[PDB]
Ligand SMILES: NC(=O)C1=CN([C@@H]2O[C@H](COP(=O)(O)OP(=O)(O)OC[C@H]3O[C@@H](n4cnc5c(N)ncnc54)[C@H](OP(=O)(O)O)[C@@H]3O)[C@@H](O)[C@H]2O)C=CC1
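The chain that follows stands alone, in the form solved without the ligand, written as structure tokens.
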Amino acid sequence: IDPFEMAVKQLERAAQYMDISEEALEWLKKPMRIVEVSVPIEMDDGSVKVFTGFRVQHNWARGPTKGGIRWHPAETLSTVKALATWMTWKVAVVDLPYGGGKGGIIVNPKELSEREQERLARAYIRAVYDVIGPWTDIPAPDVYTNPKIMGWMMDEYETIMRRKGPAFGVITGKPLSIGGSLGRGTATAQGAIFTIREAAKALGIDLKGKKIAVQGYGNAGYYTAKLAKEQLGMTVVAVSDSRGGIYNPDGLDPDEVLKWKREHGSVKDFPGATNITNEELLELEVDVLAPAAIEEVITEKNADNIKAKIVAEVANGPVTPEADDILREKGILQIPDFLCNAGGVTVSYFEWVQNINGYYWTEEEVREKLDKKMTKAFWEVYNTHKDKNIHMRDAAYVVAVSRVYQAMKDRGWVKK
């Protein structure tokens, strides 16, 4: 439907800037495997309710597919397919031995108890075992899922497999007690910080004391601001939640901001900070802007008023292509949406390697490897940007699709 068709259109506009055969493009349009299963569970009242589960493996040319699991009641097969297609490019732009995967269940978990959630996870694993595995398909954290759900899923997969192989490696995002890896919580934020640092280095901007404006103050936004001020030493001037936002030229420490949000339910009315809306934060003149909220915050209506030199979009496409072009012609170095939030998938890959090899790393080693991976990926995208005279998002799409197409050619899937 709409999401899958929009993803296909994105793939088309990406391909029309690179030399790819038509048959390979057609192969990339259609995902390899779609698995729609019935997930039966018994509720606390004793009645048996069955939900609809989707597992979409878009491609596995580069390696075993990787993909998050979303227990959203509005999840659709088209949405899962589009998300798997996006995951393919997200894992390809970072040079991981992964294909694109995605999972979901049509269910609202707000009405499910802990026992019901455990039963749902266990039954979903029982249903999708034959099309997943450590070397076939790796489920991952996503919207409305917490690491305890993945703990239950890994337990069920280990029970079914009879512990023949590396069960811990079947899924990622597991609790640190069993097969977990450090830096999982700050993964996306740390990747965003590394991308911002690389963008500043490319532009020659020294970030000591510079200005960062972050829209959306979830866990990802708070970690982004905190790690920015810690490593990059930048001055946070404005942070906003889903309700409102605050502004302070002096500098905001995210610790007390998160404390205020936890106490009063929002970051509004911060001591010494002027209360402003999302639009004022977006239009605020800063050195770098980071949208970490619900997607489609920057559109062609409000693109010409953006003044930040670097835009790092953490969310899944919060800036429209028209706004992308407007920012590009304004001399603003943007960051692709799937490139910025690729820290989470990179750290999930790290955890998968830790589980597969049976050796677990420390915070420092994971951070250094993530730094290297993000630096290399961003530099590759920037080199493609400079050479092809195209957009950052288009450059990342070209890199990802070129890698996937080369993998398909090497496997013999496509002869041209």
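Throughout, rigid core stands for the largest set of C-alpha atoms superposing within 1.5 Å between the two forms. From 1 onward, residues are counted along the sequence shown.
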Report summary line: In terms of RMS C-alpha distance in 7 other deposited structures of this protein following rigid core superposition, 90-98 and 264-272 differ, and the farther one is 264-272
Query raised in the report: Taking C-alpha RMS after core alignment, which stretch differs more from the shown form in 7 other deposited structures of this protein: 373-381, or 43-51?
Result: 43-51
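From this point on, the text means the form deposited with the ligand bound, which you will not see here.
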Query raised in the report: Quick one: in the entry with it bound, does every one of 218, 293 and 314 get a heavy atom within 4.5 Å of the ligand?
Result: yes
**Report entry** Contact residue in the entry with it bound, chosen from 299, 278, 136, 305 - any heavy atom within 4.5 Å of the ligand
**Finding:** 278
Report summary line: The one option of 115, 259, 243, 208 with any heavy atom within 4.5 Å of the ligand in the entry with it bound is 243
Query raised in the report: Are any of the heavy atoms in residue 188 no more than 4.5 Å from a heavy atom of the ligand in the entry with it bound?
Result: yes
Query raised in the report: Counting only non-hydrogen atoms and a 4.5 angstroms cut-off, does residue 85 reach the ligand in the entry with it bound?
Result: no
Query raised in the report: Does any heavy atom of residue 235 come within 4.5 Å of a heavy atom of the ligand in the entry with it bound?
Result: no
Report summary line: Within 4.5 Å of the ligand in the entry with it bound, heavy atom basis, the matching stretch of 314-322, 161-169, 125-133, 199-207 is 314-322
Query raised in the report: Which residues in 331-357 have a heavy atom within 4.5 Å of the ligand in the entry with it bound?
Result: 341
